[PDB]
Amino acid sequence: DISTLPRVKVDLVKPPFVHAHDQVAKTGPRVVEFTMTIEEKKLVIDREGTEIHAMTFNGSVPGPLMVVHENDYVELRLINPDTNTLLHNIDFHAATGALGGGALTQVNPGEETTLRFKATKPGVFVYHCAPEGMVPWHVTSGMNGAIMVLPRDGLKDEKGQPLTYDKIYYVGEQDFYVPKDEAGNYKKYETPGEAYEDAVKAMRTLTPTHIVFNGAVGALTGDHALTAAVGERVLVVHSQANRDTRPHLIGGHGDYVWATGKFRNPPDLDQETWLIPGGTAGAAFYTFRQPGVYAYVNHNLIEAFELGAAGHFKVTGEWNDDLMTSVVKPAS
């Protein structure tokens, strides 16, 4: 009887940050209430000023990470304002029935809907828009995110001992297929509707023009680099709603990795690089042991360094010479 369960309202935060939550559940099952507003907006995705008409949940690419526990109910109020122009919906890979909720959440501009589902399986899961006949277009325009369903007793290593993270980041990787004129220059349109046929043709090449973390080339760099300290335990959730990726932390490892994102399975140990299939979210746990700059990339290095799939960590603390040292510095 759901009416006797506690409700809690959660305010979502922008990726790569994640809303406050408990790892180990401090209450019984709850109904967890989220609200998201669909926003169609112009987005600049690279250093050259290339613009697309992005389709977003809550104004970001990716949409925000939702975090609940196993056997909670998720209640999502989804709003499509009349300033938008397209029909949207939502599919949760975490849910059971009705095309992930897709069949029940079709909202024209000016409408809203409230969906509830029970989070029966623990893991990280992709969510994405999926309107009938325009699925790939919506998803490759940025309309995806992820939900994390924690086990009620938190994460465990391969021996069943507890694993507790000190920080958590969410990296959404996005393939974009920006349409090109005859010579190879990117086209510009005034509305999402204008791009449609050109977008279908660009997608059919199966060759993205950009692959980015958090919505733009270099979004997770400089002032916006991810941070941590030597000694900290960091969980990095990574999603790709459409295409395979292979994350790698340059200078580090995935100590414990659930490459396909599902926590009832034991994690893979000591990974250098792991494969997250398109349509999946994955999670990697690392303990930092050296200070300095780290690059976190898609290890198709062309996709990383030419097409944009690269971010940075800045890590503070003490250097350990036992682990690594320059014996003789570069010299004639």
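Throughout, we count residues from 1 along the sequence that is shown. For clarity, a rigid core is taken as the largest C-alpha set superposing within 1.5 Å between two forms.
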Handout entry: RMS CA shift, core-fitted in 7 other deposited structures of this protein, bigger for 176-184 or for 69-77
Key = 176-184
Completion exercise
After core superposition, the stretch with larger RMS C-alpha deviation in 7 other deposited structures of this protein, comparing 239-247 and 193-201, is 193-201
Practice task
Identify the stretch, either 57-65 or 26-34, whose C-alpha atoms have the larger mean B-factor according to the entry.
Solution key: 26-34
Handout entry: Of 39-47 and 259-267, the one with larger mean CA B-factor
Key = 39-47
Exercise for the section: Determine which member of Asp175, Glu194, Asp72, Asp91 has the highest CA B-factor, using the values in the deposited entry. Expected result: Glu194
Problem - Out of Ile168, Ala228, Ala119, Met134, residue topping the C-alpha B-factor column of the entry - result: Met134
Exercise for the section: Report the third (lowest, middle or highest) to which the CA temperature factor of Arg233 belongs, ranking only the modelled residues of the same chain. Expected result: middle
Problem - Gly142 - Cα temperature factor, lowest/middle/highest third of chain - result: lowest
Practice task
Rank-wise, by C-alpha B-factor, drop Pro16 into the lowest, middle or highest third of its chain.
Solution key: lowest
Fill in the blank from the handout: Sorting the chain's modelled residues by C-alpha B-factor and splitting them into thirds places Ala241 in the lowest
Completion exercise
By the entry's values, the third containing the CA B factor of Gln106 is the highest
